[PDB]
2 protein chains.
Amino acid sequence: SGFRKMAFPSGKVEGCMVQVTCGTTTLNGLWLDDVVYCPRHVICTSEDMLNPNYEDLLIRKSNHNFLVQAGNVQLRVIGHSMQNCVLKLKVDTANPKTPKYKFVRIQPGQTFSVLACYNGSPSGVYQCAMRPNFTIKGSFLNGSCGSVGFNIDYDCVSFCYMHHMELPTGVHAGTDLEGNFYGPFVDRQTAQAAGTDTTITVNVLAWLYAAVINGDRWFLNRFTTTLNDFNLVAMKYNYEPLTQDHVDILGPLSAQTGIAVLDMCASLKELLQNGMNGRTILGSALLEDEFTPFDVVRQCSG
Amino acid sequence: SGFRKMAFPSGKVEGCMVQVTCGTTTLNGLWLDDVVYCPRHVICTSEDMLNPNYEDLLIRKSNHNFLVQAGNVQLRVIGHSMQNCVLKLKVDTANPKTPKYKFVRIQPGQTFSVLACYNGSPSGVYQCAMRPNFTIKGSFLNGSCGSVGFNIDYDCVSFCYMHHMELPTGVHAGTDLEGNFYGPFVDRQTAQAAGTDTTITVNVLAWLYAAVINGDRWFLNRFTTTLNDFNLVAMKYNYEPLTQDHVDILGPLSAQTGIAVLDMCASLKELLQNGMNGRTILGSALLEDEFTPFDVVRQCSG
Ligand SMILES: *[C@@H](CCCl)C(=O)c1cccc(C(=O)N[C@H](C(=O)OC)C(C)C)c1
Ligand SMILES: *[C@@H](CCCl)C(=O)c1cccc(C(=O)N[C@H](C(=O)OC)C(C)C)c1
């Protein structure tokens, strides 16, 4: 019993974190086999941050301009290249702790664990969701760039996020491990801002099932609704549309609780229209949308 | 920016988790140097669960009755003993991954990371607080017994919790690493239940400071209060009394935000008396009390 925002165990990732310094700029890197991955803005300085041409900046560097430290061991850089917004530093040593891994790009509404790091040293681990507007609501301080987001499936680490910046609203933006940004953000100084966001409906319904599995039932009702009528309400409250595929994905949880998906949707409609009247669900007084159906099944199966 | 429930990186702990089987009962153990620690109820069977005499149960076992598996390696048990409600299994191999560690008992209102494990395999990591009534609101399924709670300070792991059981309300109880229960709970089948609980005031105030540091200011006011008047309100809302030591502990956060502790207490009094009028603080619609002053300083310093 119980329902917590749970992250994957971080040890496999911890053994990949290093510190990358170029000039007086330092940040974190990810050491896999004989390559270190980090944000390419490590080669930029305060003077070029407005319209930097990264191809020019990199052509003017050599391997000796990069210091890579893995704990108290200095790694010799033997090559450097750029891939989109990530820098690849070839080092002369393959990381002996490299896990089985994949570079996967995630979808908005999916969750992942973040290992916050500073100066190549892990500091904390927590769960995040990619928002519909392609930002993440992280916890990151100065020096956290290069920290990564990941999921683990049977000892294989699927890396999905590298941290690059903080937007003016305090939310965060970055890229996939191939250096391609999530969202319409760039690694330079502009007035860029998070676009409008929406609530991830399928996740809210998953979490209502979690709650039922954990004995919170007060929000249930005898009613049902059609998908079309439900989605009329969703649109009114800035919730994403629910699709038949979402209904199918919720099938297992529906079957375990005996509550049809469109029945739980009737409950969600009532909650949106009426609030909670002072009650809580799984210890929250608002509707939580950063648990996927998979997250719920993982933590609630028993 | 940002504020998340953040756990410590779990890798140091992950390398200590093993599986312990006695008969058909299996659970998790903690392998440090050449000792494996686990709940002593692993030696109990369904027939004895009402009034087990553990001294009798253990005298009837030998080393060969315990199977310890560390990954795919079987560890040879060469001794067994009991210490309060934990079993100590001496094995013939010192864990090469043993971190620097301490066994420390924590106070109600303090937080710690939990590494949930099944069959000696880590599954997830999350933050918990020891409640004033000595329970924890965890996330644990069948097979999670023997999972541990810990804090990490400069590479030294302070273990503070081993998981033993789930109470009827779905909250959790266990012991310290010396096998002494937190709270008035026992490792046998009774009608035992969590006692009345209260909210951890000093932590709520810490979190209000976190919020101010992260730009949530709407709940601030021009008022102050005395400690005595504040505590009259606290008692009315089932909040713990605030002490001068709590005020002193909040000194740094007060100084960073420029908001005197008793000023923030005036804000808390208004929030308790009036609710939030539909607003949120750090993405919550209720007052959060599972962050200590230390947790806030760790995550907000920048
Ligand atoms: C980024 C963490 C943000 Cl939450 C981080 O650790 C970091 C390290 C080093 C340098 C920067 C940085 O800000 N670089 C500039 C920038 O602001 O990005 C747009 C450059 C000069 C464009 C960040
Ligand atoms: C406990 C996890 C609870 Cl959230 C766990 O993994 C476990 C493993 C093996 C056996 C038990 C168990 O329940 N034992 C009995 C009990 O219910 O504890 C009071 C014994 C027989 C007293 C739990």
Side-chain angles (χ1 to χ4, degrees), chain A residues 1-2 19-29 38-52 54 57 85 114 116-120 136 138-147 162-168 170-174 181 185-192 302, chain B residues 1-2 19-29 38-52 54 57 85 114 116-120 136 138-147 162-168 170-174 181 185-192 302:
Chain A
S1 302
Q19 179 171 25
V20 183
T21 303
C22 180
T24 53
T25 305
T26 184
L27 45 60
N28 306 278
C38 72
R40 72 179 175 169
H41 79 231
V42 71
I43 70 178
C44 185
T45 208
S46 303
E47 356 301 331
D48 288 288
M49 53 162 126
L50 191 81
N51 291 280
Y54 286 100
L57 297 174
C85 301
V114 166
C117 305
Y118 302 89
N119 303 295
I136 70 169
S139 176
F140 289 115
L141 300 167
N142 291 351
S144 64
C145 284
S147 302
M162 179 174 268
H163 188 52
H164 288 243
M165 58 203 230
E166 178 170 303
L167 294 168
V171 303
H172 299 106
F181 262 91
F185 307 110
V186 295
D187 55 354
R188 64 173 180 276
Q189 180 45 24
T190 72
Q192 57 192 326
Chain B
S1 302
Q19 179 171 25
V20 183
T21 303
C22 180
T24 53
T25 305
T26 184
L27 45 60
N28 306 278
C38 72
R40 72 179 175 169
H41 79 231
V42 71
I43 70 178
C44 185
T45 208
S46 303
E47 356 301 331
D48 288 288
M49 53 162 126
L50 191 81
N51 291 280
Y54 286 100
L57 297 174
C85 301
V114 166
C117 305
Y118 302 89
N119 303 295
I136 70 169
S139 176
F140 289 115
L141 300 167
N142 291 351
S144 64
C145 284
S147 302
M162 179 174 268
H163 188 52
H164 288 243
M165 58 203 230
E166 178 170 303
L167 294 168
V171 303
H172 299 106
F181 262 91
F185 307 110
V186 295
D187 55 354
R188 64 173 180 276
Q189 180 45 24
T190 72
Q192 57 192 326

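Counting convention: from 1, in listed order, for ligands and their atoms alike. First the proteins, then the strands, lettered A, B, ... as listed; each starts at 1.
Heavy-atom distances between B:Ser144 and ligand 2 reach below 4.0 Å in at least one pair.
Distance screen at 4.0 Å: atom 6 (O) of ligand 2 has a protein heavy-atom neighbour inside the cut-off. Using a 4.0 Å threshold on non-hydrogen atoms, atom 13 (O) of ligand 1 does not count as touching the protein. Protein heavy atoms all stay at least 4.0 Å away from atom 17 (O) of ligand 1.
By the 4.5 Å heavy-atom criterion applied to side chains, A:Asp187 and A:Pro39 are not counted as neighbours. Side chains of A:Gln19 and A:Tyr118 form no contact here, defined as non-hydrogen atoms less than 4.5 Å apart. For the pair A:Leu27 and A:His41, the minimum side-chain heavy-atom distance is below 4.5 Å. Contact of the B:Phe181 side chain with the B:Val186 side chain is not registered, since no non-hydrogen atoms from C-beta on lie closer than 4.5 Å.
Within the listing of ligand 2, atoms 4 (Cl) sit less than 4.0 angstrom from a heavy atom of B:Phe140.
Proximity of A:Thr25 to ligand 1, defined as any heavy-atom pair under 4.0 Å, is confined to the side chain (atoms from C-beta onward).
In the candidate list A:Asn142, A:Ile43, A:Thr26, A:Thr26 is nearest to atom 8 (C) of ligand 1, counting heavy atoms. Looking at A:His172, A:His163, A:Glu47, A:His41 and measuring to atom 4 (Cl) of ligand 1, the nearest heavy atom belongs to A:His163.
Annotation for B:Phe140 and B:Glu166: closest pair O-OE1, 4.1 Å, computed over non-hydrogen atoms. Closest of all the heavy-atom pairs between A:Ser139 and B:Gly2 is OG-O, 3.3 Å. Of all heavy-atom pairs spanning A:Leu57 and A:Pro52, the tightest one is CD1-CB, 4.0 Å.
Looking only at heavy atoms of the protein, atom 20 (C) of ligand 2 is closest to B:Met49 CB, 4.0 Å.
Residue contacts with ligand 2: B:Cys145 is placed with a nitrogen or oxygen under 3.5 Å of a nitrogen or oxygen of the ligand (distance criterion only). Between B:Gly143 and ligand 2, a contact under 3.5 Å exists for at least one N or O pair.
Put simply, SG on A:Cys85 and CE on A:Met162 are 12.0 Å apart, with the number rounded to the nearest 0.5 Å.
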